[PDB]
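Visitor: This is the structure, below, for whatever I ask next.
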Amino acid sequence: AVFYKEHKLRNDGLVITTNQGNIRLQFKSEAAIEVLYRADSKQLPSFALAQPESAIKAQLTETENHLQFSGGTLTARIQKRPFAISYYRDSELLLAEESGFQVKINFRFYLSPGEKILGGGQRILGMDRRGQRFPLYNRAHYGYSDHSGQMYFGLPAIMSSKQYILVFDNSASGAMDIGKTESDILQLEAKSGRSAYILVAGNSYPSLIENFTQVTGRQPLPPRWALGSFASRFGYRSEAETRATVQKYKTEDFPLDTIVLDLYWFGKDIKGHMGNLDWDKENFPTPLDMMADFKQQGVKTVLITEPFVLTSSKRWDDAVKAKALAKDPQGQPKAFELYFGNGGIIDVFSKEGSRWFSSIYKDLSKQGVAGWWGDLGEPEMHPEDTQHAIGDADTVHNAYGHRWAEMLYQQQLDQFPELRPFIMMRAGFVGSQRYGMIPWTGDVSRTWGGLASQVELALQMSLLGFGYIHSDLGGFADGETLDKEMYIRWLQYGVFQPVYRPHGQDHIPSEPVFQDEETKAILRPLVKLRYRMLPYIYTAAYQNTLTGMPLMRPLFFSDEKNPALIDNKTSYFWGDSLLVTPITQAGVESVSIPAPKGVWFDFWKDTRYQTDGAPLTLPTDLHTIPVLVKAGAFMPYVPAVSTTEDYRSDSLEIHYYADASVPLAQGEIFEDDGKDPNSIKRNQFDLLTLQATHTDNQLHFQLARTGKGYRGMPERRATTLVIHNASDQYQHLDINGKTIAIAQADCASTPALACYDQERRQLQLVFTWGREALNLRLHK
Ligand SMILES: *[C@H]1[C@H](O)[C@@H](O)[C@H](O)[C@@H](CO)[C@@H]1NS(=O)(=O)O
Ligand SMILES: O=C([O-])C(=O)[O-]
């Protein structure tokens, strides 16, 4: 029983008083509002908000039974009696409180009939999580396959088919009930922590995500090397074995940017060494030489680190002395029994813990470490009586990984202000992307079911801020012998998802270079393709940094007025132009692809398909997975390199998928030095744009470059433009007004500047793309 009492304004912030206390409403933007209940009282701070203390001028109108607090896009309508806030985009009702807040923390809201609800982060439950209830408590799900209610990286957030996102801005042990218990109620609970939610609206799923990342944080562009090939296993046992793996990528002619060292780098056993955070010199005798030798070959070294310091580790006494570990209520170091032994947890919420841990990361980075892997940040074990500087384990649990990332990100920026941090972690919070967190889906089983779940997990995380969500390619957990077909399908899919990191327990090889001749003959040209496609992938990365647009986009983006598409977790967009359908079972001979209506091409075979809605049936082979290209796509390639350290776009090859159904099309290629964290902010980039105009008698391309450029940027790029499905009726090409005849023979066999291959329906134009605008005009 709750009712309006009064309200004031304070720094664009509405402070409402009910019978039961204060509520602070602040627009963080024109489409996003923070609703803090118990505003009078001391709470944990926001974790989700990039700018917690921000609030923008909103307009306030008081009526008889209601208030209205509007930002521009988003309207909070505050019914006085009974007390209930609802939320409008213009006058479209998004979300209405039921009971709203009840004081354990509780929030209740109505669900509309037929409303579909994505969210919760990593679960394997179906894309629409409506009808589900699950905890908000980051926890391991070792060896998961085709089902999970609770894994490494939950998010206290949802995305509705009404096109809002709701965030429960609370770090504590909790639960989400999505109209499970009560068909028409969504309920958020926590045992403790901040009593705050955040509503974000958009006109579309893309502008919703732009709105969400605006207020929760934009991922800084990762180093281009994060888009390369990783050598990883659990785990390289020695310097010799690590050097032998880098050598195996060289002798097997697979691309390699980064080798990842698991927990044997700091001790000879799985158990009893964690917290050493220093080289096991018996097995890694010359690590500085090792990292420098790798850097000469363009290969980066990434080291695993964990929150736990064992009482058996060389750093126990020092960590206790420095007060770096979390404490019991008595005030001693909290020790508890992990798989690895008895130990404590570094308190990343404390000054002493942050400085102690930071200092260790600084020393190892100085020795030559390029990037960082933080495993077990759930935290994996976190007894309820553990005491952090700001709260107990159950209150801070879901933000530990978040703050660990922040700590490590700040540290890397202060040591190397001219480099982009690489921070790979298993657990974080809403907004962790702003600290460059790159998550993976943990200890997935080596099963088809484990593979079949990855698109669902990736889209669920991508939709709520995590563009670089990926899987251990090939699978991680148990098995006794390689499932070759599964492995191949997993590393094919890998090419078309964010981070190319095969990884698994080392009783079965995870790295493609250790596979049989057939497997290498299939995967080698696909790992090269990943590198040739860097201009496509790096451009999707750039768009992610700009707008939060995830690299993997769900099928439902193709038609926002067809909510039935929301259920799809078998087909997704890799950037704007590729519809990928991974094969997730053995012996599949053909697939039915629910391609949006329009024209589509087989990425592998150039075959043209049109559909008015009917799905497309494509046969399958072991060599590839089904990928369709959207008519109007510009697919840019550079020559394959072994390492992104050698990346050049002096030679470009661009494939344009022509069809009269697409009279207007645009592409862009974002180029910078691949390393400068300030490139976008300072416009130290080369942004190539291509526009196609396709009419009955003409096909016109406009090429341009913006940005201030960057050191080593090519002035002039040798460009091969390959036009797929080109009309056989074009006779003349103008290039900036200069007329060139189109050859109709021997295109593959002459240094032709314009040649039509009649057999392939491909028109090839070869030219110089310099800094000035270029127009190419084909006419019948
Ligand atoms: C953490 C992580 O999920 C996995 O990739 C890693 O190889 C191991 C060992 O460091 C960790 N999982 S654990 O074996 O369950 O500890
Ligand atoms: O697309 C065209 O213009 C054609 O097919 O000739």
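Residues in the structure tokens are numbered from 1 in each chain, the chains being A, B, ... in the order shown, and ligands are numbered from 1 in the order shown.
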Using DSSP on the backbone coordinates, identify all residues within segment 382-433 of chain A classified as helix (DSSP H, G or I); present the result as a ChimeraX atom specification.
Guide: /A:393-415,432-433
Visitor: Within 6 Å of ligand 1, which residues show up when you count only C-alpha atoms and all ligand atoms? List them as number ranges by chain, please.
Guide: A: 234, 262-263, 375-376, 442-443
Visitor: Would you mind exporting N, CA and C atoms of the selected residues as a PDB file, in the first residue's frame?
Guide:
ATOM      1  N   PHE A 234      44.661 -25.711 -22.408  1.00  0.00           N
ATOM      2  CA  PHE A 234      44.878 -25.895 -20.944  1.00  0.00           C
ATOM      3  C   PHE A 234      45.714 -27.147 -20.803  1.00  0.00           C
ATOM      4  N   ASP A 262      48.297 -20.826 -19.928  1.00  0.00           N
ATOM      5  CA  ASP A 262      47.389 -21.243 -18.827  1.00  0.00           C
ATOM      6  C   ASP A 262      48.246 -21.439 -17.566  1.00  0.00           C
ATOM      7  N   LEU A 263      47.649 -22.013 -16.523  1.00  0.00           N
ATOM      8  CA  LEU A 263      48.193 -21.877 -15.139  1.00  0.00           C
ATOM      9  C   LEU A 263      49.537 -22.599 -14.924  1.00  0.00           C
ATOM     10  N   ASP A 375      40.785 -15.521 -15.285  1.00  0.00           N
ATOM     11  CA  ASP A 375      39.841 -16.646 -15.143  1.00  0.00           C
ATOM     12  C   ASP A 375      39.300 -16.687 -13.691  1.00  0.00           C
ATOM     13  N   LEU A 376      38.113 -17.279 -13.508  1.00  0.00           N
ATOM     14  CA  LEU A 376      37.489 -17.597 -12.184  1.00  0.00           C
ATOM     15  C   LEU A 376      36.969 -16.331 -11.480  1.00  0.00           C
ATOM     16  N   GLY A 442      33.035 -19.900 -21.214  1.00  0.00           N
ATOM     17  CA  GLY A 442      33.562 -20.847 -20.231  1.00  0.00           C
ATOM     18  C   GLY A 442      33.715 -22.267 -20.733  1.00  0.00           C
ATOM     19  N   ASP A 443      33.627 -23.215 -19.797  1.00  0.00           N
ATOM     20  CA  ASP A 443      34.190 -24.574 -19.911  1.00  0.00           C
ATOM     21  C   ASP A 443      33.158 -25.457 -20.625  1.00  0.00           C
TER      22      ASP A 443
END
Visitor: Sorted by chain and rising residue number, list the residues of chain A at most 9 Å from ligand 2 (counting only C-alpha atoms and all ligand atoms), each with its closest atom pair and distance in Å to one decimal, as a tab-separated table.
Guide:
residue	atom	partner	partner_atom_place_in_ligand_line	distance
A:658	CA	ligand 2	1 (O)	7.4
A:659	CA	ligand 2	1 (O)	5.7
A:660	CA	ligand 2	1 (O)	5.1
A:661	CA	ligand 2	1 (O)	8.7
A:694	CA	ligand 2	3 (O)	7.9
A:695	CA	ligand 2	3 (O)	7.3
A:696	CA	ligand 2	3 (O)	5.5
A:697	CA	ligand 2	3 (O)	6.6
A:698	CA	ligand 2	3 (O)	7.7
A:699	CA	ligand 2	3 (O)	8.3
A:725	CA	ligand 2	1 (O)	7.3
A:726	CA	ligand 2	1 (O)	6.4
A:727	CA	ligand 2	6 (O)	3.8
A:728	CA	ligand 2	6 (O)	5.9
A:729	CA	ligand 2	6 (O)	5.8
A:730	CA	ligand 2	6 (O)	8.1
A:780	CA	ligand 2	3 (O)	8.7
Visitor: Generate a file of the selected residues that holds N, CA and C atoms, formatted as a short mmCIF file (atom, residue, chain, number, x, y, z; two decimals), in the first residue's frame.
Guide:
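Below is the file result.cif, written as the result:
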data_model
loop_
_atom_site.label_atom_id
_atom_site.label_comp_id
_atom_site.auth_asym_id
_atom_site.auth_seq_id
_atom_site.Cartn_x
_atom_site.Cartn_y
_atom_site.Cartn_z
N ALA A 658 25.94 -7.35 -57.04
CA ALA A 658 25.02 -6.46 -57.76
C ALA A 658 23.68 -7.17 -57.99
N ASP A 659 22.61 -6.41 -57.84
CA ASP A 659 21.26 -6.86 -58.25
C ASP A 659 20.37 -5.63 -58.40
N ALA A 660 19.54 -5.58 -59.44
CA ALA A 660 18.70 -4.39 -59.74
C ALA A 660 17.69 -4.16 -58.60
N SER A 661 17.42 -5.16 -57.77
CA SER A 661 16.56 -5.04 -56.57
C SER A 661 17.17 -4.06 -55.57
N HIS A 694 22.51 1.69 -58.84
CA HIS A 694 22.20 0.64 -59.83
C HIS A 694 20.85 0.98 -60.48
N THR A 695 20.85 1.44 -61.73
CA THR A 695 19.62 1.73 -62.52
C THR A 695 19.54 0.75 -63.68
N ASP A 696 18.51 0.89 -64.52
CA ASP A 696 18.24 -0.05 -65.65
C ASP A 696 19.45 -0.01 -66.60
N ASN A 697 20.07 1.14 -66.84
CA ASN A 697 21.12 1.20 -67.88
C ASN A 697 22.51 1.53 -67.31
N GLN A 698 22.65 1.75 -66.01
CA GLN A 698 23.95 2.21 -65.48
C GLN A 698 24.23 1.57 -64.11
N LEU A 699 25.52 1.39 -63.80
CA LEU A 699 25.97 1.02 -62.43
C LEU A 699 27.13 1.95 -62.13
N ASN A 725 27.26 -10.97 -60.40
CA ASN A 725 25.93 -10.87 -61.05
C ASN A 725 25.89 -9.63 -61.95
N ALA A 726 27.03 -9.20 -62.50
CA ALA A 726 27.12 -8.03 -63.40
C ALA A 726 26.36 -8.30 -64.71
N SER A 727 25.63 -7.30 -65.19
CA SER A 727 24.96 -7.32 -66.51
C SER A 727 26.01 -7.62 -67.58
N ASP A 728 25.65 -8.43 -68.56
CA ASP A 728 26.48 -8.69 -69.75
C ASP A 728 26.29 -7.59 -70.81
N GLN A 729 25.49 -6.55 -70.53
CA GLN A 729 25.15 -5.48 -71.50
C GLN A 729 26.00 -4.21 -71.29
N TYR A 730 26.90 -4.15 -70.30
CA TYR A 730 27.78 -2.96 -70.12
C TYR A 730 28.87 -3.01 -71.21
N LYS A 780 25.26 0.83 -70.44
CA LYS A 780 24.85 -0.11 -71.52
C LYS A 780 24.90 0.61 -72.88
#
Visitor: Name all residues at most 9 Å from segment 428-433 of chain A (count only C-alpha atoms; drop same-chain ones fewer than 5 positions away) and give them as an mmCIF file with N, CA, C and O atoms, in the first residue's frame.
Guide:
data_model
loop_
_atom_site.group_PDB
_atom_site.id
_atom_site.type_symbol
_atom_site.label_atom_id
_atom_site.label_comp_id
_atom_site.auth_asym_id
_atom_site.auth_seq_id
_atom_site.Cartn_x
_atom_site.Cartn_y
_atom_site.Cartn_z
ATOM 1 N N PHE A 47 26.994 0.418 -10.749
ATOM 2 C CA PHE A 47 28.086 -0.292 -11.460
ATOM 3 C C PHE A 47 27.853 -0.160 -12.965
ATOM 4 O O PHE A 47 28.858 -0.027 -13.693
ATOM 5 N N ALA A 48 26.592 -0.144 -13.377
ATOM 6 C CA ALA A 48 26.137 -0.212 -14.782
ATOM 7 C C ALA A 48 26.419 1.094 -15.533
ATOM 8 O O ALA A 48 26.631 1.041 -16.754
ATOM 9 N N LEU A 49 26.373 2.223 -14.847
ATOM 10 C CA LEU A 49 26.410 3.555 -15.501
ATOM 11 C C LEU A 49 27.853 3.947 -15.729
ATOM 12 O O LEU A 49 28.664 3.881 -14.783
ATOM 13 N N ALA A 50 28.147 4.331 -16.966
ATOM 14 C CA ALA A 50 29.446 4.940 -17.345
ATOM 15 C C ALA A 50 29.607 6.296 -16.633
ATOM 16 O O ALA A 50 30.711 6.590 -16.157
ATOM 17 N N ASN A 138 26.612 -15.174 -10.497
ATOM 18 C CA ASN A 138 27.685 -15.674 -11.387
ATOM 19 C C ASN A 138 28.283 -16.937 -10.754
ATOM 20 O O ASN A 138 28.808 -16.859 -9.612
ATOM 21 N N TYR A 152 28.589 -18.650 -15.887
ATOM 22 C CA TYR A 152 29.699 -17.718 -15.563
ATOM 23 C C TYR A 152 29.248 -16.251 -15.527
ATOM 24 O O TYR A 152 29.662 -15.532 -14.610
ATOM 25 N N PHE A 153 28.464 -15.816 -16.510
ATOM 26 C CA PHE A 153 28.249 -14.376 -16.780
ATOM 27 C C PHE A 153 26.760 -14.120 -16.987
ATOM 28 O O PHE A 153 26.223 -14.093 -18.101
ATOM 29 N N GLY A 154 26.068 -13.962 -15.859
ATOM 30 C CA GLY A 154 24.710 -13.426 -15.887
ATOM 31 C C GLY A 154 24.794 -11.919 -16.015
ATOM 32 O O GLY A 154 25.802 -11.321 -15.602
ATOM 33 N N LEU A 155 23.735 -11.346 -16.531
ATOM 34 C CA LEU A 155 23.491 -9.897 -16.523
ATOM 35 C C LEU A 155 22.105 -9.653 -15.946
ATOM 36 O O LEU A 155 21.130 -10.249 -16.394
ATOM 37 N N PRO A 156 21.997 -8.691 -15.017
ATOM 38 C CA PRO A 156 20.714 -8.308 -14.448
ATOM 39 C C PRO A 156 19.974 -7.350 -15.376
ATOM 40 O O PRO A 156 19.757 -6.238 -14.979
ATOM 41 N N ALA A 157 19.637 -7.810 -16.582
ATOM 42 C CA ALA A 157 19.085 -6.938 -17.635
ATOM 43 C C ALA A 157 18.253 -7.746 -18.608
ATOM 44 O O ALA A 157 18.543 -8.944 -18.847
ATOM 45 N N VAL A 167 17.581 -2.534 -16.773
ATOM 46 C CA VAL A 167 18.749 -2.989 -15.985
ATOM 47 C C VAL A 167 18.414 -2.895 -14.492
ATOM 48 O O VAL A 167 18.135 -1.775 -14.012
ATOM 49 N N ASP A 169 20.309 -2.515 -11.424
ATOM 50 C CA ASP A 169 21.657 -1.958 -11.155
ATOM 51 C C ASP A 169 22.112 -2.370 -9.763
ATOM 52 O O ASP A 169 22.526 -1.509 -8.974
ATOM 53 N N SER A 171 24.441 -5.547 -7.651
ATOM 54 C CA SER A 171 25.600 -6.462 -7.720
ATOM 55 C C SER A 171 25.391 -7.741 -6.914
ATOM 56 O O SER A 171 26.312 -8.579 -6.931
ATOM 57 N N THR A 213 24.376 1.583 -24.798
ATOM 58 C CA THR A 213 25.850 1.677 -24.648
ATOM 59 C C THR A 213 26.226 3.122 -24.360
ATOM 60 O O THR A 213 27.259 3.368 -23.713
ATOM 61 N N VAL A 215 24.890 5.083 -22.193
ATOM 62 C CA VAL A 215 24.813 5.340 -20.720
ATOM 63 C C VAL A 215 25.546 4.256 -19.914
ATOM 64 O O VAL A 215 26.028 4.606 -18.827
ATOM 65 N N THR A 216 25.734 3.034 -20.449
ATOM 66 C CA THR A 216 26.460 1.944 -19.724
ATOM 67 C C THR A 216 27.933 1.850 -20.126
ATOM 68 O O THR A 216 28.719 1.324 -19.326
ATOM 69 N N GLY A 217 28.298 2.298 -21.330
ATOM 70 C CA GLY A 217 29.705 2.335 -21.784
ATOM 71 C C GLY A 217 29.872 1.738 -23.177
ATOM 72 O O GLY A 217 29.171 0.766 -23.539
ATOM 73 N N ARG A 218 30.706 2.384 -23.972
ATOM 74 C CA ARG A 218 31.103 1.920 -25.324
ATOM 75 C C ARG A 218 32.418 1.151 -25.164
ATOM 76 O O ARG A 218 33.312 1.609 -24.426
ATOM 77 N N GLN A 219 32.499 -0.033 -25.760
ATOM 78 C CA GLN A 219 33.770 -0.781 -25.802
ATOM 79 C C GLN A 219 34.796 0.031 -26.594
ATOM 80 O O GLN A 219 34.574 0.371 -27.754
ATOM 81 N N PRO A 220 35.974 0.296 -26.009
ATOM 82 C CA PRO A 220 37.077 0.898 -26.754
ATOM 83 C C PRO A 220 37.531 -0.109 -27.826
ATOM 84 O O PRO A 220 37.523 -1.334 -27.567
ATOM 85 N N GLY A 377 36.575 -15.272 -12.211
ATOM 86 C CA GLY A 377 36.153 -13.982 -11.602
ATOM 87 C C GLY A 377 34.664 -13.934 -11.190
ATOM 88 O O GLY A 377 34.094 -12.792 -11.036
ATOM 89 N N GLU A 378 33.988 -15.083 -11.091
ATOM 90 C CA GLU A 378 32.528 -15.163 -10.749
ATOM 91 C C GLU A 378 32.220 -14.469 -9.406
ATOM 92 O O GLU A 378 31.161 -13.851 -9.275
ATOM 93 N N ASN A 398 28.438 -10.102 -8.004
ATOM 94 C CA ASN A 398 28.243 -10.006 -9.468
ATOM 95 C C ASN A 398 29.002 -8.818 -10.064
ATOM 96 O O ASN A 398 28.857 -8.653 -11.300
ATOM 97 N N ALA A 399 29.823 -8.098 -9.275
ATOM 98 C CA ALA A 399 30.607 -6.927 -9.714
ATOM 99 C C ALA A 399 32.083 -7.146 -9.468
ATOM 100 O O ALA A 399 32.848 -6.216 -9.784
ATOM 101 N N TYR A 400 32.467 -8.255 -8.849
ATOM 102 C CA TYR A 400 33.890 -8.560 -8.574
ATOM 103 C C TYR A 400 34.687 -8.488 -9.910
ATOM 104 O O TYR A 400 35.758 -7.816 -9.976
ATOM 105 N N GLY A 401 34.234 -9.250 -10.898
ATOM 106 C CA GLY A 401 34.902 -9.383 -12.219
ATOM 107 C C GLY A 401 34.959 -8.032 -12.929
ATOM 108 O O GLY A 401 36.007 -7.716 -13.511
ATOM 109 N N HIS A 402 33.851 -7.282 -12.847
ATOM 110 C CA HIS A 402 33.657 -5.899 -13.340
ATOM 111 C C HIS A 402 34.746 -4.988 -12.806
ATOM 112 O O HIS A 402 35.421 -4.307 -13.600
ATOM 113 N N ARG A 403 34.973 -5.015 -11.500
ATOM 114 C CA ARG A 403 35.960 -4.133 -10.848
ATOM 115 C C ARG A 403 37.374 -4.647 -11.147
ATOM 116 O O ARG A 403 38.319 -3.849 -11.227
ATOM 117 N N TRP A 404 37.545 -5.962 -11.220
ATOM 118 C CA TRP A 404 38.848 -6.567 -11.599
ATOM 119 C C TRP A 404 39.273 -6.025 -12.989
ATOM 120 O O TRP A 404 40.447 -5.571 -13.134
ATOM 121 N N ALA A 405 38.337 -6.023 -13.930
ATOM 122 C CA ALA A 405 38.524 -5.484 -15.300
ATOM 123 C C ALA A 405 38.885 -4.001 -15.204
ATOM 124 O O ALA A 405 39.887 -3.575 -15.804
ATOM 125 N N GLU A 406 38.089 -3.228 -14.469
ATOM 126 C CA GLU A 406 38.339 -1.775 -14.315
ATOM 127 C C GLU A 406 39.750 -1.546 -13.810
ATOM 128 O O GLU A 406 40.448 -0.722 -14.421
ATOM 129 N N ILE A 438 36.606 -8.673 -22.787
ATOM 130 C CA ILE A 438 36.306 -9.647 -23.867
ATOM 131 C C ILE A 438 35.920 -10.962 -23.205
ATOM 132 O O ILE A 438 36.798 -11.680 -22.729
ATOM 133 N N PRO A 439 34.624 -11.312 -23.160
ATOM 134 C CA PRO A 439 34.202 -12.538 -22.492
ATOM 135 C C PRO A 439 34.179 -13.750 -23.420
ATOM 136 O O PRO A 439 33.995 -13.580 -24.614
ATOM 137 N N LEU A 464 23.376 -7.049 -25.197
ATOM 138 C CA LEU A 464 23.478 -6.279 -23.933
ATOM 139 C C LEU A 464 24.917 -5.854 -23.645
ATOM 140 O O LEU A 464 25.295 -5.685 -22.467
ATOM 141 N N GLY A 465 25.678 -5.564 -24.701
ATOM 142 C CA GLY A 465 26.892 -4.742 -24.582
ATOM 143 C C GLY A 465 28.188 -5.456 -24.927
ATOM 144 O O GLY A 465 29.210 -4.772 -24.927
ATOM 145 N N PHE A 466 28.172 -6.762 -25.194
ATOM 146 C CA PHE A 466 29.417 -7.577 -25.240
ATOM 147 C C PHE A 466 29.663 -8.065 -26.676
ATOM 148 O O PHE A 466 29.334 -9.189 -27.018
ATOM 149 N N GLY A 467 30.271 -7.199 -27.499
ATOM 150 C CA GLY A 467 30.466 -7.494 -28.931
ATOM 151 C C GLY A 467 31.430 -8.640 -29.152
ATOM 152 O O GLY A 467 31.331 -9.267 -30.245
ATOM 153 N N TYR A 468 32.339 -8.885 -28.200
ATOM 154 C CA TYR A 468 33.505 -9.798 -28.393
ATOM 155 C C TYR A 468 33.301 -11.120 -27.645
ATOM 156 O O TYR A 468 34.265 -11.920 -27.562
#
Visitor: From the options A:701, A:109, A:373, A:144, which residue's atoms come nearest to residue 124 of chain A, counting only C-alpha atoms?
Guide: A:144
Visitor: Out of A:437, A:635, A:176, A:226, which residue has the shortest atom-to-atom distance to residue 106 of chain A when counting only C-alpha atoms?
Guide: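 Using only C-alpha atoms, the shortest distance to residue 106 of chain A belongs to A:176.
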Visitor: Show which residues sit within 10 Å of residue 59 of chain A, as number ranges by chain. Count only C-alpha atoms, and ignore same-chain residues fewer than 2 positions away.
Guide: A: 12, 57, 61, 68-72, 75
Visitor: Do you have, as a Markdown table, the list of residues of segment 407-491 of chain A lying at most 9 Å from segment 572-586 of chain A, each with its nearest atom pair and that distance in Å to one decimal, counting only C-alpha atoms and ordered by chain then number?
Guide:
| residue | atom | partner | partner_atom | distance |
| --- | --- | --- | --- | --- |
| A:448 | CA | A:584 | CA | 5.8 |
| A:449 | CA | A:584 | CA | 7.4 |
| A:450 | CA | A:584 | CA | 8.9 |
| A:451 | CA | A:584 | CA | 6.1 |
| A:452 | CA | A:584 | CA | 5.0 |
| A:453 | CA | A:584 | CA | 8.8 |
| A:455 | CA | A:572 | CA | 7.7 |
| A:459 | CA | A:572 | CA | 8.4 |
| A:485 | CA | A:586 | CA | 6.8 |
| A:486 | CA | A:586 | CA | 7.0 |
| A:489 | CA | A:583 | CA | 6.3 |
| A:490 | CA | A:584 | CA | 8.1 |
Visitor: Where in segment 89-238 of chain A does DSSP assign strand (DSSP E), given as a PyMOL selection string?
Guide: chain A and resi 89+92-102+105-110+117-121+133-136+154-160+164-168+174-178+185-190+196-201+230-231
Visitor: Please provide the set of residues having any atom within 10 Å of residue 364 of chain A, restricted to only C-alpha atoms, with same-chain residues fewer than 4 positions apart removed, written as a PyMOL selection string.
Guide: chain A and resi 277-279+288+303+359-360+368-370
Visitor: In Å, rounded to a single decimal, give me how far atom CA of residue 273 of chain A is from atom CA of residue 339 of chain A.
Guide: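 So the two atoms, atom CA of residue 339 of chain A and atom CA of residue 273 of chain A, lie 11.8 Å apart.
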Visitor: Within 9 Å of residue 237 of chain A, counting only C-alpha atoms, which residues show up once you throw out same-chain ones fewer than 4 positions away? Write them as a ChimeraX atom specification, please.
Guide: /A:241-242,261-265,268,283-284
Visitor: In Å, with one decimal, what is the gap from atom CA of residue 170 of chain A to atom CA of residue 149 of chain A?
Guide: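 Answer for the atom CA of residue 170 of chain A to atom CA of residue 149 of chain A separation: 19.1 Å.
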Visitor: Would you please work out which residue, of A:295, A:139, A:366, A:553, is nearest to residue 461 of chain A when using only C-alpha atoms?
Guide: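 Between A:295, A:139, A:366, A:553, the residue approaching residue 461 of chain A most closely is A:553.
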Visitor: Calculate how many Å separate atom CA of residue 175 of chain A from atom CA of residue 102 of chain A, rounding to one decimal.
Guide: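 Interatomic distance here is 14.5 Å.
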Visitor: Closest to residue 607 of chain A among A:762, A:412, A:286, A:330, using only C-alpha atoms?
Guide: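 Of all the options, A:762 lies closest to residue 607 of chain A.
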